[PDB]
Amino acid sequence: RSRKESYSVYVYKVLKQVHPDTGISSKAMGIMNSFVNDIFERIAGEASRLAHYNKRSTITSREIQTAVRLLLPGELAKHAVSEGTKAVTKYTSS
Amino acid sequence: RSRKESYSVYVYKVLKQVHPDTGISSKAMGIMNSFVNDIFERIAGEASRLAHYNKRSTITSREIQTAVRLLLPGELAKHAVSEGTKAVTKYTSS
Amino acid sequence: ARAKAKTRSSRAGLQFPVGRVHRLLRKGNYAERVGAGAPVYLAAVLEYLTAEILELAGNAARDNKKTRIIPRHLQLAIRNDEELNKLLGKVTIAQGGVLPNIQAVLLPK
Amino acid sequence: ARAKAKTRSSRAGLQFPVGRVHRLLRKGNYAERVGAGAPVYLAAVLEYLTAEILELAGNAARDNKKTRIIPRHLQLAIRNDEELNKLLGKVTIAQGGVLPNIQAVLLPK
Amino acid sequence: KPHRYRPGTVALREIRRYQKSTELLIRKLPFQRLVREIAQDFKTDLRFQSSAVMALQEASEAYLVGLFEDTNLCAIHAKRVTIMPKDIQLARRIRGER
Amino acid sequence: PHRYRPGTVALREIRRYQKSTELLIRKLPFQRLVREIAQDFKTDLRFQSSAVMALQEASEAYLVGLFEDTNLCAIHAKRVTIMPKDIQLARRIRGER
Amino acid sequence: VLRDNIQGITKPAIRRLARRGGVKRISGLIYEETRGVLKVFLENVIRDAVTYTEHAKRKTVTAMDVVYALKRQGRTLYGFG
Amino acid sequence: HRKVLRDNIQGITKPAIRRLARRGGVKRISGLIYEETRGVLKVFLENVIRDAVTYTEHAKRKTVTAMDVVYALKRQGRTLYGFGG
DNA sequence: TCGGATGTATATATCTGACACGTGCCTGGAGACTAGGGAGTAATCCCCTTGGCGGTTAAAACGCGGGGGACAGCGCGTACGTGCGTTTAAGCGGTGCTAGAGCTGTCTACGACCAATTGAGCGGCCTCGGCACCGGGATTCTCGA
DNA sequence: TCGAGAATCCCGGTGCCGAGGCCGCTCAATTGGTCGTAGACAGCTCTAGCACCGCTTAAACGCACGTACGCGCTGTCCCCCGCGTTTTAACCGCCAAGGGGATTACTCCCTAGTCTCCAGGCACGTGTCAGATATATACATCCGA
């Protein structure tokens with residue numbers, strides 16, 4: 001019997017960090033699974049087109065950063081860019 | 001000096017078959033170039049998504065035919081399907 | 001001895017190029033591999049749609065006594081059809097203009 | 001002797017999985033090759049957006065005296081923001097309802 | 001003498017009740033029959049998963065409720081409180097559906 | 001004096017501009033406006049000549065389409081003049097606001 | 001076979017849908033017009049879903065088929081896969 | 001001569017707005033339309049130009065090309081034919 | 001209904017620049033061959049879809065009375081269209097300069113690929129508390145005197 | 001501005017099923033080497049974007065007049081809302097059968113990858129005719145008497 005995969009484990013970990021005493025129903029967990037998959041494809045698709053316009057053959061963290069600026073509005077983009085930059089610096093230092 | 005490519009030669013051949021005595025300006029030829037490139041990407045993108053839903057790794061003439069049925073409206077789709085089927089049969093016979 | 005070369009378009013009876021369409025499909029990151037009949041099918045459909053537009057546009061050009069086709073003629077052909085107008089409903093054509101149309105309540109009595 | 005294994009997520013200080021995101025990028029036909037920093041950057045952005053929604057939804061659930069989060073709470077969080085409402089402007093949420101809103105001219109004098 | 005509310009008082013009370021709940025407002029069995037009737041013209045002897053019919057109903061109600069929101073705005077623009085068939089036509093025209 | 005009646009010259013102008021295809025905004029003033037807006041995102045920018053032309057073609061096509069929808073709203077309210085409230089209603093239904 | 005099923009969408013059900021949209025007074029010709037609009041919407045979605053089903057060589061419409069068809073028309077739906 | 005610009009929206013004059021409305025087929029125009037139209041055009045131009053400059057910077061260039069403008073318009077569902085692509 | 005005034009379609013003559021067609025050449029497509037794994041086909045298992053029956057009650061359908069909202073008509077005043085006389089800056093042609101786009105040649109570091117190894121995440125149970133439901137009373141909002 | 005009536009909120013007690021945690025275990029991520037090419041950088045050439053000046057005139061601007069359109073007010077009548085009564089079919093629970101989705105083995109044909117070779121398609125150069133422009137009508141349309 002084939003077994004599938006989801007983001008349920010990781011979503012639950014994040015919830016326990018911002019609200020240590022609240023739970024979530026199974027219907028609401030299904031909605032969050034759809035949300036993560038939808039945003040993933042929007043960003044990956046835009047970064048793929050960026051590499052084609054500039055005649056490159058690699059997707060780097062620079063293409064991801066430009067795609068986030070095109071898709072997210074206003075103050076959401078500013079906060080997301082600083083989160084991504086900080087994670088890459090920490091990963092490289094170790 | 002790099003040299004570019006377009007569909008101008010092939011568009012001109014088709015025009016001489018339906019109207020043997022009419023010409024075309026350079027501005028109008030640029031518009032037809034945009035039209036061919038736009039339709040090509042619509043069909044190829046939909047056929048790419050079809051192969052992913054069904055866990056295949058090849059794009060065949062079956063995926064192209066299903067994509068044409070999804071994109072073209074009404075009587076345009078019926079005429080385009082018969083043109084594509086006829087060309088494949090002739091190419092295989094030789 | 002190698003036999004004489006022969007284009008893939010000629011054996012399919014088409015005018016649009018089958019070899020160039022095959023290369024574009026391979027280098028566009030659409031799938032891992034491309035079948036042999038896919039380029040032939042795609043080239044035939046592109047050629048069919050080009051013939052439809054050029055036929056209607058030529059009728060419009062001759063309608064107002066012209067030899068060549070200009071962007072205004074292409075716009076008149078597209079917006080006066082019903083199916084072509086639906087396929088290209090989100091497209092702007094440069095130097096195309098609009099269809100003449102006045103609401104009935106605005107006309108003088 | 002091989003050193004002890006260590007996840008790529010732990011080296012970046014994240015909760016979303018970096019290895020799984022890397023595999024999904026490789027097998028999605030997006031480009032020919034993927035750089036080493038792209039999965040780390042993408043996982044951090046996905047985790048940030050999840051934290052934003054869950055924080056607002058938890059506030060809504062506690063507002064009407066509930067312990068768990070249901071689809072109605074997620075809809076109230078999204079439509080009452082200004083930026084989240086603009087990012088998800090073409091999305092329907094099943095069993096979500098609508099915002100209470102009555103036009104002023106319909107109210108009795 | 002019997003009690004009667006004035007016209008428009010029960011209508012406002014119903015707006016508040018239905019804008020607070022989330023359940024579906026069309027009966028399940030009649031909706032299922034309509035879906036099966038329409039699919040006959042594209043293919044014969046089809047089967048539907050149970051969750052497939054539910055997904056269709058959720059999308060159809062969400063579509064119609066949004067259309068009624070825009071129709072109401074057009075009627076008010078013409079100094080009325082009653083929605084009319086011409087209000088629906090104007091909304092669908094501007095939205096590009098026609 | 002040979003004054004025409006109100007609304008007679010207006011209908012004449014509708015017929016003339018719905019038959020031609022040229023641009024209706026002056027070119028030099030439009031170029032200055034584009035350069036003023038761009039300096040807020042980045043300083044010391046240069047523009048290709050065809051880039052400014054593409055921007056002007058899109059801007060006119062957008063505005064002409066908006067005026068078509070605005071006219072329908074005014075008629076729906078039994079009027080022939082267009083007012084700012086007509087523009088606001090059209091943009092709200094189209095989803096731009 | 002089935003026939004005359006659009007009348008199962010009754011007048012009380014249409015009134016409930018308009019109430020959730022915030023409508024106060026409804027004229028009598030609205031009900032016949034609403035049925036025509038719903039029928040057009042369902043035909044477009046169902047035709048696409050059956051096209052996905054046939055390409056997979058199946059005899060059953062799945063929930064995934066419906067989700068793909070809605071997304072193709074700019075009508076994304078969360079909560080079904 | 002990097003002299004700044006200011007107050008250029010007034011260059012879209014009243015006669016030019018009138019010509020645009022005639023092509024749309026309108027017959028009578030009230031006096032407050034002109035200020036409203038200028039605000040709408042400014043919002044439209046800001047959204048397109050912001051995206052075009054983002055494409056220019058990612059390529060590490062100092063010149064906005066016609067290709068940059070075409071990509072930005074297509075991303076907002078306003079495809080344009082006749083300027084390459 | 002008709003004549004005057006104005007705008008517009010039509011025919012003729014003249015120029016000019018863009019289109020259509022050769023010409024040389026080079027790089028991308030075609031011909032021939034080999035190797036490996038993606039997909040087509042058969043067989044089997046079990047789940048989940050369809051069809052039927054009987055009872056309960058909630059919703060749908062019908063009829064009636066009357067209040068108020070839609071619509072037609074009238075009067076008034078001001079704002080927008082038309083036209084003329086004056087002022088401003090757009091368009092055009094032509095010089096001149098340098099900023100930066102685009103192409104070419106080296107060289108290195110980074111991403112793909114492969115082989116062991118092990119722990120993270122999935123499927124399958126249990127169990128108890130958050131939420132659903134019922135009944136009873138308090139409080140508030142609507143309507144007429 | 002007040003009482004009567006009907007709707008809605010609030011609270012206490014009961015019970016159940018789904019969220020949350022725990023145990024095997026297997027497959028996907030991690031570690032450690034190897035290698036070939038994509039991309040970064042320096043240098044150089046020449047296109048094209050920017051700045052300036054004088055001038056001709058078409059477009060913009062400002063002002064005066066008057067008419068027709070937008071808006072407020074009145075009256076009437078018929079359509080749509082609120083409510084009580086009877087009828088219908090939705091929903092629930094429970095059986096029972098089998099159509100078809102899903103998984104596993106096996107085998108072969110179709111597609112990728114190399115190498116040679118030559119013809120299709122691109123950049124450039126050149127001459128003429130389709131279309132643009134000016135002028136002089138011929139006719140259709142609008143407006144007041």
Side-chain angles (χ1 to χ4, degrees), chain A residues 1-6 9 12 23-26 56-58, chain B residues 1-6 9 12 23-26 56-58, chain C residues 2-8 17 19-20 22-23 26 32-36 66-68, chain D residues 2-3 5-8 17 19-20 22-23 32-36 66-68, chain E residues 1-11 13 27-30 47-50 79-82, chain F residues 1-10 12 26-29 46-49 78-81, chain G residues 10-13 25-28 58-60, chain H residues 1 13-16 28-31 61-63:
Chain A
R1 178 182 181 171
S2 293
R3 73 178 163 191
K4 33 208 91 72
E5 65 182 14
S6 70
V9 152
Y12 197 90
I24 184 167
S25 58
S26 70
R56 291 305 173 71
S57 61
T58 315
Chain B
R1 178 182 181 172
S2 293
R3 77 178 163 191
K4 316 172 280 273
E5 70 179 8
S6 70
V9 159
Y12 197 90
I24 184 167
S25 58
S26 70
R56 291 305 173 71
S57 62
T58 316
Chain C
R2 275 174 42 180
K4 222 261 199 303
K6 212 200 287 194
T7 58
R8 268 191 279 178
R20 181 177 297 184
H22 188 107
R23 188 238 307 162
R26 278 186 353 248
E32 187 191 296
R33 56 233 308 280
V34 169
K66 280 310 161 23
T67 297
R68 277 150 207 180
Chain D
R2 275 174 42 180
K6 212 201 287 194
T7 58
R8 268 190 280 178
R20 182 177 297 185
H22 188 106
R23 188 238 307 161
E32 184 191 298
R33 56 233 308 280
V34 169
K66 282 305 169 13
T67 298
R68 307 201 196 112
Chain E
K1 176 163 280 297
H3 172 102
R4 286 187 64 110
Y5 293 99
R6 312 257 298 309
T9 294
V10 190
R13 170 191 319 155
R27 312 244 71 73
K28 259 64 143 173
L29 257 170
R47 295 196 158 200
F48 287 83
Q49 289 186 335
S50 175
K79 289 166 226 243
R80 286 193 269 110
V81 300
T82 302
Chain F
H2 180 53
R3 291 184 73 81
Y4 283 110
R5 307 268 291 304
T8 287
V9 191
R12 192 150 79 217
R26 311 247 73 75
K27 274 174 235 313
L28 262 169
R46 309 163 92 77
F47 282 88
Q48 291 194 342
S49 177
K78 289 174 226 243
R79 281 196 270 108
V80 286
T81 320
Chain G
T10 63
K11 150 177 168 166
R25 254 180 67 108
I26 316 176
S27 92
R58 267 194 274 104
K59 281 118 109 163
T60 304
Chain H
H1 302 286
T13 59
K14 186 172 97 160
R28 257 181 61 114
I29 306 163
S30 73
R61 274 183 332 227
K62 281 119 145 183
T63 303

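Heavy atoms only: backbone and side chains are in, while hydrogens, waters and symmetry mates are out. Numbered from 1 within each chain, the chains take letters A, B, ... in sequence-line order.
The CZ-P distance, from H/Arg61 to J/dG49, rounds to 13 Å in whole Å. Taking atom CD of residue E/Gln49 and atom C1' of nucleotide J/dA102, one finds them 13 Å apart after rounding to whole Å. The nearest whole Å value for the distance from the NZ atom in D/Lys66 to the P atom in I/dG130 is 13 Å. Here the P atom of nucleotide I/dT6 and the OH atom of F/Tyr4 are 8 Å apart, to the nearest Å. Atom OH in A/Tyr12 sits roughly 11 Å away from atom P in J/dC22 (whole-Å rounding). With rounding to whole Å, H/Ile29 atom CD1 is found 14 Å from I/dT82 atom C1'. Whole-Å rounding puts the A/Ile24 CD1 to J/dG18 P distance at 17 Å. Protein atom NE2 of H/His1 is 8 Å distant from nucleotide atom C1' of J/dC52, rounded to whole Å.
Toward the 5′ end of DNA chain J lies the nearest nucleotide of D/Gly19, the other residue of the pair D/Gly19 and E/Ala11 mapping further downstream. Heavy-atom nearest nucleotides on DNA chain J were determined for E/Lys79 and for C/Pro17, and the one closer to the 5' end corresponds to E/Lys79. Taking for each of H/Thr63 and A/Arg3 the nucleotide of DNA chain I with the nearest heavy atom, the 5'-most of the two is the partner of H/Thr63.
Note: A/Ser57 OG to D/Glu32 CD = 5.0 Å, rounded to the nearest 0.5 Å. Rounding to the nearest 0.5 Å gives a distance of 4.0 Å between CZ of D/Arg20 and CD of A/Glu5.
Regarding contacts with the backbone of J/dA29, every side-chain N or O of D/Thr7 stays at 4.0 angstrom or more from both OP1 and OP2. One finds a side-chain N or O of D/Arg23 lying less than 4.0 angstrom from the OP1 or OP2 phosphate oxygen of J/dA29. Not one side-chain nitrogen or oxygen of F/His2 sits closer than 4.0 Å to the OP1 or OP2 atom of I/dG83. Contact annotation: A/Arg1 reaches the phosphate of I/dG124 (side-chain N/O to OP1 or OP2, under 4.0 Å). In this model, the phosphate group of J/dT30 is approached by a side-chain N or O of D/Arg8 to a distance below 4.0 Å at OP1 or OP2. For the OP1/OP2 pair of J/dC110 and a distance below 4.0 Å, the side-chain nitrogens and oxygens of B/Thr58 include no atom meeting the criterion. Phosphate proximity of I/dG69 to E/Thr82: absent, as no side-chain N or O sits under 4.0 Å from OP1 or OP2. Of the side-chain N and O atoms in F/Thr8, none sit less than 4.0 angstrom from OP1 or OP2 of J/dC142. A sub-4.0 Å separation between OP1 or OP2 of I/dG68 and a side-chain N or O of E/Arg6 is present. For J/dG49, the OP1/OP2 oxygens have no side-chain nitrogen or oxygen of F/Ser49 closer than 4.0 Å. Here B/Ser2 does not reach the OP1 or OP2 of I/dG102: none of its side-chain N or O atoms lies under 4.0 Å away. The side chain of B/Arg56 contributes no N or O atom lying less than 4.0 Å from OP1 or OP2 of I/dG38. Applying the 4.0 Å criterion to OP1 and OP2 of I/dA60, one finds that E/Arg27 has a side-chain N or O inside that range.
In this structure, D/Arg33 reaches the sugar-phosphate backbone alone: every heavy-atom distance under 4.0 Å involves primed, P, OP1 or OP2 atoms, never a base. In this structure, E/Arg4 reaches the bases: a heavy-atom distance under 4.0 Å links it to at least one base atom across the strands shown. Contact annotation for E/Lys1: no contact, since no heavy-atom pair falls under 4.0 Å across all strands. Contact annotation for H/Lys14: no contact, since no heavy-atom pair falls under 4.0 Å across all strands.
Within the 3.5 Å criterion, the main-chain N or O of G/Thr60 finds a donor-acceptor partner in the side chain of G/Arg58.
Comparing the P positions of I/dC133 and I/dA58 gives a spacing of 14 Å, expressed to the nearest Å.
The two residues E/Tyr5 and E/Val10 make their nearest non-hydrogen contact at CB-CG2, 4.2 Å. Residues E/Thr82 and G/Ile26 come closest through the heavy atom pair CG2-C, 4.2 Å. Listed here is the closest heavy atom pair of D/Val34 and A/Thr58: C-CG2, 4.4 Å.
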Using a cutoff of under 3.5 Å, can you pull out all pairs of nitrogen or oxygen atoms linking the protein to nucleotides 113-119 of chain I, with atom names and distances?
{"from": "I/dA116", "atom 1": "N3", "to": "D/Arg2", "atom 2": "NH1", "distance (Å)": "3.3"}
{"from": "I/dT117", "atom 1": "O4'", "to": "D/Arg2", "atom 2": "NH1", "distance (Å)": "3.1"}
{"from": "I/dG119", "atom 1": "OP1", "to": "D/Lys4", "atom 2": "NZ", "distance (Å)": "3.4"}

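Between J/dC122, I/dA70, I/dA20, one nucleotide has an atom nearer to the side chain of B/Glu5 than all others, and that is J/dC122. Of the listed nucleotides (J/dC91, J/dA123, J/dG39), J/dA123 has the atom at the smallest distance from the side chain of B/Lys4. With J/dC122, I/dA70, J/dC91 as the choices, the nucleotide that has an atom nearest any side-chain atom of E/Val81 turns out to be I/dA70. Listed nucleotides I/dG31, I/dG100, I/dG81 differ in distance to F/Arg46; the shortest reach to its side chain belongs to I/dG100.
Residues meeting the salt bridge (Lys or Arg N to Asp or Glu O under 4.0 Å) test with F/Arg46, sequence neighbours left out: none. Shown here are the salt bridge (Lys or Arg N to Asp or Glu O under 4.0 Å) partners of C/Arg33, two or more places apart in sequence or in another chain: there are none.
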